């Protein structure tokens, strides 16, 4: 369902701001909703669930990502890449997405939009490995 593309952008913006500012995610979410003038229950509620999921599982999400970074600490990643990966993991794994290909497409679109194609390849490459290890272990 296409409204989830917009919801992923909202959720990414919140995680990105949270990473940079360290303030209450609930308050950061309110800021983004007002700036983007989110007014539909579908996208507002899905964005809220993505953010709530990533925040509540943030330590495990970071560990899952690091397991596939070949020894690097997660602080090495750009702010765009690290938060796009956190969001991708939250949806694919913690919300057990039934449309994984669409998650990938929107996550990499975001990375390409706010960073570059080099960053998009890296995020796709890491997220794909994370996802295959998840599917395998399930």
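Positions refer to the first chain, counted from 1.
- Taking only CA atoms, the mean B-factor in the PDB entry is higher for 125-133 than for the other of 125-133 and 11-19.
- Here the stretch with the larger average CA B-factor, out of 103-111 and 24-32, is 24-32.
- Of the candidates 86, 76, 57, 48, the deposited coordinates give 76 the top C-alpha B factor.
- Sorting 80, 69, 92, 64 by the CA temperature factor given in the entry leaves 69 at the top.
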